[PDB]
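Student: structure.pdb is reproduced below (PDB, C-alpha atoms).
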```pdb
ATOM      1  CA  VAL A 648     -11.104   9.486  10.876  1.00  0.00           C
ATOM      2  CA  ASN A 649      -9.606   6.004  10.526  1.00  0.00           C
ATOM      3  CA  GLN A 650     -13.054   4.633   9.662  1.00  0.00           C
ATOM      4  CA  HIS A 651     -13.850   7.257   7.021  1.00  0.00           C
ATOM      5  CA  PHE A 652     -10.499   6.972   5.227  1.00  0.00           C
ATOM      6  CA  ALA A 653      -9.994   3.224   5.718  1.00  0.00           C
ATOM      7  CA  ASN A 654     -10.624   2.795   1.973  1.00  0.00           C
ATOM      8  CA  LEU A 655      -8.261   5.399   0.536  1.00  0.00           C
ATOM      9  CA  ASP A 656      -7.188   4.369  -2.949  1.00  0.00           C
ATOM     10  CA  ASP A 657      -4.016   6.476  -3.344  1.00  0.00           C
ATOM     11  CA  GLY A 658      -1.692   5.854  -0.422  1.00  0.00           C
ATOM     12  CA  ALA A 659      -2.144   5.285   3.287  1.00  0.00           C
ATOM     13  CA  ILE A 660      -3.638   7.520   5.975  1.00  0.00           C
ATOM     14  CA  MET A 661      -3.565   6.849   9.718  1.00  0.00           C
ATOM     15  CA  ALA A 662      -4.728   8.792  12.778  1.00  0.00           C
ATOM     16  CA  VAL A 663      -3.036   8.286  16.155  1.00  0.00           C
ATOM     17  CA  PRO A 664      -3.155  10.005  19.556  1.00  0.00           C
ATOM     18  CA  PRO A 665      -0.080  11.794  20.936  1.00  0.00           C
ATOM     19  CA  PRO A 666       2.211   9.902  23.305  1.00  0.00           C
ATOM     20  CA  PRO A 667       1.515  10.438  27.016  1.00  0.00           C
ATOM     21  CA  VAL A 668       5.055  11.698  27.725  1.00  0.00           C
ATOM     22  CA  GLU A 669       6.905  14.106  25.450  1.00  0.00           C
ATOM     23  CA  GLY A 670      10.441  13.177  24.469  1.00  0.00           C
ATOM     24  CA  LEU A 671      10.007   9.424  24.956  1.00  0.00           C
ATOM     25  CA  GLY A 672       8.647   8.664  21.486  1.00  0.00           C
ATOM     26  CA  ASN A 673       6.485   9.779  18.597  1.00  0.00           C
ATOM     27  CA  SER A 674       3.409   7.902  19.860  1.00  0.00           C
ATOM     28  CA  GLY A 675       2.316   5.583  22.639  1.00  0.00           C
ATOM     29  CA  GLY A 676       2.881   1.846  22.866  1.00  0.00           C
ATOM     30  CA  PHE A 677       6.104  -0.066  22.241  1.00  0.00           C
ATOM     31  CA  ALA A 678       9.164   0.579  20.077  1.00  0.00           C
ATOM     32  CA  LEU A 679      11.550  -2.278  19.271  1.00  0.00           C
ATOM     33  CA  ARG A 680      14.760  -2.197  17.240  1.00  0.00           C
ATOM     34  CA  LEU A 681      15.339  -5.343  15.198  1.00  0.00           C
ATOM     35  CA  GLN A 682      19.113  -5.599  14.881  1.00  0.00           C
ATOM     36  CA  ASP A 683      21.327  -7.243  12.269  1.00  0.00           C
ATOM     37  CA  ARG A 684      23.614  -8.730  14.907  1.00  0.00           C
ATOM     38  CA  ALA A 685      25.071 -11.393  12.578  1.00  0.00           C
ATOM     39  CA  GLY A 686      25.376  -9.428   9.326  1.00  0.00           C
ATOM     40  CA  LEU A 687      22.727 -11.383   7.418  1.00  0.00           C
ATOM     41  CA  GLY A 688      22.500  -8.612   4.802  1.00  0.00           C
ATOM     42  CA  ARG A 689      19.869  -6.157   3.635  1.00  0.00           C
ATOM     43  CA  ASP A 690      17.904  -8.743   1.645  1.00  0.00           C
ATOM     44  CA  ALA A 691      17.879 -11.129   4.609  1.00  0.00           C
ATOM     45  CA  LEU A 692      17.025  -8.174   6.849  1.00  0.00           C
ATOM     46  CA  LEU A 693      13.956  -7.392   4.736  1.00  0.00           C
ATOM     47  CA  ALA A 694      13.007 -11.081   4.696  1.00  0.00           C
ATOM     48  CA  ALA A 695      13.131 -11.304   8.497  1.00  0.00           C
ATOM     49  CA  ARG A 696      11.318  -7.958   8.657  1.00  0.00           C
TER      50      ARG A 696
ATOM     51  CA  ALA B  36     -13.396  -6.284  -0.489  1.00  0.00           C
ATOM     52  CA  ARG B  37     -11.888  -2.859  -1.130  1.00  0.00           C
ATOM     53  CA  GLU B  38     -13.264  -0.713  -3.942  1.00  0.00           C
ATOM     54  CA  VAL B  39     -10.705   0.075  -6.652  1.00  0.00           C
ATOM     55  CA  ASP B  40     -10.690   2.201  -9.795  1.00  0.00           C
ATOM     56  CA  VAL B  41     -10.385   0.105 -12.959  1.00  0.00           C
ATOM     57  CA  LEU B  42      -9.170   1.303 -16.360  1.00  0.00           C
ATOM     58  CA  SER B  43     -10.067  -0.647 -19.491  1.00  0.00           C
ATOM     59  CA  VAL B  44      -6.907  -0.827 -21.596  1.00  0.00           C
ATOM     60  CA  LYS B  45      -7.349   0.510 -25.132  1.00  0.00           C
ATOM     61  CA  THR B  46      -4.978   0.902 -28.070  1.00  0.00           C
ATOM     62  CA  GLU B  47      -4.513   4.211 -29.867  1.00  0.00           C
ATOM     63  CA  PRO B  48      -1.910   5.434 -32.371  1.00  0.00           C
ATOM     64  CA  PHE B  49       0.927   7.429 -30.809  1.00  0.00           C
ATOM     65  CA  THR B  50       3.925   9.045 -32.501  1.00  0.00           C
TER      66      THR B  50
ATOM     67  CA  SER C 347       5.367  -2.439 -25.167  1.00  0.00           C
ATOM     68  CA  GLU C 348       4.370  -5.942 -24.039  1.00  0.00           C
ATOM     69  CA  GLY C 349       2.236  -7.728 -21.478  1.00  0.00           C
ATOM     70  CA  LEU C 350      -1.018  -5.855 -22.146  1.00  0.00           C
ATOM     71  CA  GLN C 351      -3.825  -6.153 -24.685  1.00  0.00           C
ATOM     72  CA  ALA C 352      -6.760  -3.950 -25.615  1.00  0.00           C
ATOM     73  CA  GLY C 353      -9.707  -4.464 -23.279  1.00  0.00           C
ATOM     74  CA  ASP C 354      -7.592  -5.473 -20.283  1.00  0.00           C
ATOM     75  CA  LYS C 355      -8.966  -4.203 -16.966  1.00  0.00           C
ATOM     76  CA  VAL C 356      -5.984  -2.786 -15.073  1.00  0.00           C
ATOM     77  CA  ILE C 357      -6.239  -1.578 -11.481  1.00  0.00           C
ATOM     78  CA  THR C 358      -5.139   2.028 -11.006  1.00  0.00           C
ATOM     79  CA  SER C 359      -5.764   2.405  -7.258  1.00  0.00           C
ATOM     80  CA  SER C 360      -5.201   0.798  -3.848  1.00  0.00           C
ATOM     81  CA  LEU C 361      -2.241  -1.123  -5.271  1.00  0.00           C
ATOM     82  CA  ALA C 362      -0.268  -1.209  -2.015  1.00  0.00           C
ATOM     83  CA  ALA C 363      -3.296  -2.623  -0.158  1.00  0.00           C
ATOM     84  CA  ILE C 364      -4.065  -5.493  -2.576  1.00  0.00           C
ATOM     85  CA  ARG C 365      -2.440  -8.953  -2.662  1.00  0.00           C
ATOM     86  CA  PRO C 366      -2.475 -11.275  -5.698  1.00  0.00           C
ATOM     87  CA  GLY C 367      -5.618 -13.369  -5.979  1.00  0.00           C
ATOM     88  CA  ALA C 368      -7.574 -11.243  -3.506  1.00  0.00           C
ATOM     89  CA  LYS C 369     -11.179 -10.287  -4.194  1.00  0.00           C
ATOM     90  CA  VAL C 370     -11.956  -6.623  -4.879  1.00  0.00           C
ATOM     91  CA  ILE C 371     -14.996  -4.566  -5.867  1.00  0.00           C
ATOM     92  CA  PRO C 372     -14.370  -2.761  -9.189  1.00  0.00           C
ATOM     93  CA  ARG C 373     -15.707   0.825  -9.194  1.00  0.00           C
TER      94      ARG C 373
END
```
Produce structure tokens that represent the structure in this file.
Tutor:
Amino acid sequence: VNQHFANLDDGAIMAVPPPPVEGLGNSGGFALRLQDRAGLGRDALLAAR
Amino acid sequence: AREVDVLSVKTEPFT
Amino acid sequence: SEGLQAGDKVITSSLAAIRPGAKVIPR
């Protein structure tokens, strides 16, 4: 599915497998929260992002 | 290189 | 109103996946 639709012209499309354990996330892998711990601001937040 | 749809810009009268 | 002229080839697709100066295949 990812190979067939890798060249979609209007938007983005992505196929993923379900997470191994229900209730611990939307998918497998890692989930990090980047935190504005110094109040750099939304523009600086998007720059660092 | 990803294939894209291209539109040739043309001028037409519009009210 | 400004910034375009007749005959210009504008891209109407894949805009989020294209960076300035990148090579593309026109359809």
Student: Figure out the distance between atom CA of residue B:37 and atom CA of residue C:372, please, to one decimal in Å.
Tutor: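 Here the two named atoms are 8.4 Å from each other.
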Student: When the cut-off is 8 Å and we count all atoms listed in the file, which residues of chain A are near chain C, given as a list in words?
Tutor: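 The complete set of qualifying residues is residues 655, 656, 657 and 658 of chain A.
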Student: With 12 Å as the limit and counting only C-alpha atoms, what residues in chain B lie close to chain A? Please list them as a PyMOL selection string.
Tutor: chain B and resi 36-41
Student: What is the atom CA of residue A:649-atom CA of residue A:665 distance in Å, reported with one decimal?
Tutor: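 Computing it gives 15.3 Å between the two atoms.
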Student: Find the spatial neighbours of stretch 679-682 of chain A, counting all atoms listed in the file, within a cut-off of 10 Å - ignore same-chain residues fewer than 3 positions away - and output them as a VMD selection string.
Tutor: chain A and resid 685 to 686 692 695 to 696
Student: How would stretch 357-373 of chain C look with N, CA, C and O atoms restored, written as a PDB file, in the coordinates of the input?
Tutor:
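Written output follows (rebuild09.pdb):
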```pdb
ATOM      1  N   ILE C 357      -5.862  -2.259 -12.713  1.00  0.00           N
ATOM      2  CA  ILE C 357      -6.239  -1.578 -11.481  1.00  0.00           C
ATOM      3  C   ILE C 357      -5.319  -0.383 -11.286  1.00  0.00           C
ATOM      4  O   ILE C 357      -4.092  -0.528 -11.267  1.00  0.00           O
ATOM      5  N   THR C 358      -5.908   0.803 -11.147  1.00  0.00           N
ATOM      6  CA  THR C 358      -5.139   2.028 -11.006  1.00  0.00           C
ATOM      7  C   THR C 358      -5.192   2.630  -9.612  1.00  0.00           C
ATOM      8  O   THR C 358      -4.848   3.807  -9.459  1.00  0.00           O
ATOM      9  N   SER C 359      -5.605   1.875  -8.601  1.00  0.00           N
ATOM     10  CA  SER C 359      -5.764   2.405  -7.258  1.00  0.00           C
ATOM     11  C   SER C 359      -5.593   1.291  -6.233  1.00  0.00           C
ATOM     12  O   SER C 359      -5.713   0.104  -6.543  1.00  0.00           O
ATOM     13  N   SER C 360      -5.294   1.695  -4.998  1.00  0.00           N
ATOM     14  CA  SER C 360      -5.201   0.798  -3.848  1.00  0.00           C
ATOM     15  C   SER C 360      -4.161  -0.297  -4.040  1.00  0.00           C
ATOM     16  O   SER C 360      -4.249  -1.351  -3.405  1.00  0.00           O
ATOM     17  N   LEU C 361      -3.160  -0.056  -4.887  1.00  0.00           N
ATOM     18  CA  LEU C 361      -2.241  -1.123  -5.271  1.00  0.00           C
ATOM     19  C   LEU C 361      -1.470  -1.658  -4.070  1.00  0.00           C
ATOM     20  O   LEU C 361      -1.262  -2.870  -3.950  1.00  0.00           O
ATOM     21  N   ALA C 362      -1.038  -0.772  -3.173  1.00  0.00           N
ATOM     22  CA  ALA C 362      -0.268  -1.209  -2.015  1.00  0.00           C
ATOM     23  C   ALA C 362      -1.098  -2.024  -1.031  1.00  0.00           C
ATOM     24  O   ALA C 362      -0.525  -2.749  -0.212  1.00  0.00           O
ATOM     25  N   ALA C 363      -2.424  -1.924  -1.092  1.00  0.00           N
ATOM     26  CA  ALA C 363      -3.296  -2.623  -0.158  1.00  0.00           C
ATOM     27  C   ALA C 363      -3.920  -3.886  -0.737  1.00  0.00           C
ATOM     28  O   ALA C 363      -4.792  -4.473  -0.089  1.00  0.00           O
ATOM     29  N   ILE C 364      -3.503  -4.318  -1.922  1.00  0.00           N
ATOM     30  CA  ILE C 364      -4.065  -5.493  -2.576  1.00  0.00           C
ATOM     31  C   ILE C 364      -2.967  -6.523  -2.784  1.00  0.00           C
ATOM     32  O   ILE C 364      -1.863  -6.189  -3.230  1.00  0.00           O
ATOM     33  N   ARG C 365      -3.275  -7.783  -2.458  1.00  0.00           N
ATOM     34  CA  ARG C 365      -2.440  -8.953  -2.662  1.00  0.00           C
ATOM     35  C   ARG C 365      -2.926  -9.743  -3.871  1.00  0.00           C
ATOM     36  O   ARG C 365      -4.105  -9.670  -4.233  1.00  0.00           O
ATOM     37  N   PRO C 366      -2.044 -10.490  -4.535  1.00  0.00           N
ATOM     38  CA  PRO C 366      -2.475 -11.275  -5.698  1.00  0.00           C
ATOM     39  C   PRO C 366      -3.542 -12.294  -5.321  1.00  0.00           C
ATOM     40  O   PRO C 366      -3.470 -12.944  -4.276  1.00  0.00           O
ATOM     41  N   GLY C 367      -4.541 -12.427  -6.189  1.00  0.00           N
ATOM     42  CA  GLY C 367      -5.618 -13.369  -5.979  1.00  0.00           C
ATOM     43  C   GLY C 367      -6.705 -12.906  -5.036  1.00  0.00           C
ATOM     44  O   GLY C 367      -7.692 -13.631  -4.855  1.00  0.00           O
ATOM     45  N   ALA C 368      -6.567 -11.730  -4.433  1.00  0.00           N
ATOM     46  CA  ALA C 368      -7.574 -11.243  -3.506  1.00  0.00           C
ATOM     47  C   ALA C 368      -8.789 -10.714  -4.257  1.00  0.00           C
ATOM     48  O   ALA C 368      -8.695 -10.270  -5.404  1.00  0.00           O
ATOM     49  N   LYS C 369      -9.942 -10.768  -3.597  1.00  0.00           N
ATOM     50  CA  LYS C 369     -11.179 -10.287  -4.194  1.00  0.00           C
ATOM     51  C   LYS C 369     -11.358  -8.799  -3.925  1.00  0.00           C
ATOM     52  O   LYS C 369     -11.148  -8.325  -2.806  1.00  0.00           O
ATOM     53  N   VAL C 370     -11.745  -8.061  -4.966  1.00  0.00           N
ATOM     54  CA  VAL C 370     -11.956  -6.623  -4.879  1.00  0.00           C
ATOM     55  C   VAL C 370     -13.265  -6.275  -5.571  1.00  0.00           C
ATOM     56  O   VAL C 370     -13.807  -7.054  -6.359  1.00  0.00           O
ATOM     57  N   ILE C 371     -13.771  -5.084  -5.265  1.00  0.00           N
ATOM     58  CA  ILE C 371     -14.996  -4.566  -5.867  1.00  0.00           C
ATOM     59  C   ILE C 371     -14.599  -3.507  -6.892  1.00  0.00           C
ATOM     60  O   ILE C 371     -14.112  -2.435  -6.500  1.00  0.00           O
ATOM     61  N   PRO C 372     -14.780  -3.752  -8.188  1.00  0.00           N
ATOM     62  CA  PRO C 372     -14.370  -2.761  -9.189  1.00  0.00           C
ATOM     63  C   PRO C 372     -15.302  -1.560  -9.188  1.00  0.00           C
ATOM     64  O   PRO C 372     -16.524  -1.704  -9.122  1.00  0.00           O
ATOM     65  N   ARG C 373     -14.791  -0.342  -9.304  1.00  0.00           N
ATOM     66  CA  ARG C 373     -15.707   0.825  -9.194  1.00  0.00           C
ATOM     67  C   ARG C 373     -16.176   1.239 -10.584  1.00  0.00           C
ATOM     68  O   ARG C 373     -17.314   1.723 -10.675  1.00  0.00           O
TER      69      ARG C 373
END
```
